[PDB]
Each structure stands twice: as structure tokens, then as C-alpha cells.
């Protein structure tokens, strides 16, 4: 499997997940249908999204790591799949939610070869491969902001902060792309519980890095050894190379 195959698979999935969710009324979407393997409830929207995705991934030699059904398959290529990221928004008709796919040649983030976040409400498509990062077919990159007085997405502000703006949209996979294309200047998830899971962030990270972002754990350690499993957890500090160290110091 290569970055071209991945793009093809990722798009086929996006189309199906899009249809499935778009035809589903909010009263249907919001219903609890079971306990996800992640240890949180699967909403009817989650299950519908995941089924459409797994139907397609089933035909590839991959091991799938996915929120609701957990680890599936035996393949050598690993896929961190968030079938629906921002479910809470989706169940309320707030148009920030996505399907996220990160493809890796091992069970570690360092071997990623393809990242893909499709906005299910806007049809916006973000991906990155060896040729860089894209928003709807156009090369994107991160902002060149060097000042803490910038536009930040942050989970969660718990003290006074120097930022010009703070936003929290509820879809890390999508918001990481907002940072990737420069819409925002940095992305922080510094929650002490360490809540983010591999499928939430993997693609977002990969795309942000290809867009020139420096993306690291709370203390600046590499995300390379983050595992494609259900136990993995993440904090994230992501910004351009110059703003990044300033953020690291800001949160000590």
C-alpha cells in the first residue's frame, strides 16, 4: 500500500461516511447505541460512520485501530481511524466534525505515510503525503507568527494567557488542520488527564508536520513513539518552529 492507495481509500470512505451522516436526523444521531471499546458511549452517528468506514477498510491488508470497535484485523499497515470526530457537534448540527485516517507502516506514529481529515459538514478535504499538505487540492502551510499574542486553539485554558484569541471547536482532528493551513497559529491540548487518543490526533499531527508545523508532547518530546492502540494518550503542543519554544516555556 502507498500514499496514492491511501488517498484513494480515504476518499472512498469520506464519500460513504458523508452520505450516511448527512441523511441522519439529529434525533437519530444523538442516541446511545452501546459502549465503545475506547470506554465512552458509541452514538448512533458513531456506529453509522464506523460501519461505512470498516466496510471499505475490510478489503485491505491493514490493522485498524478505531474508537468504537477497537483493534480489528491483522495487516502490516496500521490505520488509526476516528470514524467520527466531533460527534458532540454532529449530534447538534454544529458543522465542525470529521472522519480522520492516519496510515502507518508500523504501530508507531513515526512510520506514518498518509494523513487524512475530511470535514463531513463542509466537504473540506485535508491530506498530506510525501509531496506536502493539502486543503481541497491546494498546498497549505502553517503561519509564521512568532508572538504569543496569536490565534490559539487550546484545551483547556486554566489560567490567564497572552493569546489574541482562543477557540475550542470540539474536533481535534479538524482543529489540527486549522493549524495546518495557518487559519490558527497554534494548537494546544494540555489537559492534565491526557485525554486525546491516537485516532483523534494522528492524521492531524501528520498533516500539520507536512505543513511545516513543529508538533510535540508537553515537554517537547517527539510524538514518534506514540502507539496505534486503544491505550495510547496524547498531549500536544503544535506551532511553527519559532513560536513553538515560546509555548513550551509558557506552559511550564
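Residue numbers count along the first chain shown, from 1. We call the rigid core the largest set of C-alpha positions that still match within 1.5 Å between the two forms.
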Higher-deviation stretch (C-alpha RMS, rigid core fit) in 6 other deposited structures of this protein, choosing from 186 to 194 and 223 to 231: 223 to 231
Comparing 127 to 135 with 170 to 178, which stretch shows the greater average C-alpha B-factor in the deposited entry? 127 to 135
Which of these has the highest Cα B-factor in the record: 204, 213, 39, 193? 193
According to the PDB entry, is the CA B factor of residue 186 in the bottom, middle or top third of its chain, that is, lowest, middle or highest? middle
Once the chain's modelled residues are ordered by C-alpha B factor and cut into thirds, is residue 104 in the lowest, middle or highest one? middle
Please place residue 115 in the lowest, middle or highest third of its chain according to the CA B-factor in the PDB entry. highest
How does the C-alpha B factor of residue 44 compare with the rest of the chain: lowest, middle or highest third? lowest
Once the chain's modelled residues are ordered by C-alpha B factor and cut into thirds, is residue 150 in the lowest, middle or highest one? middle
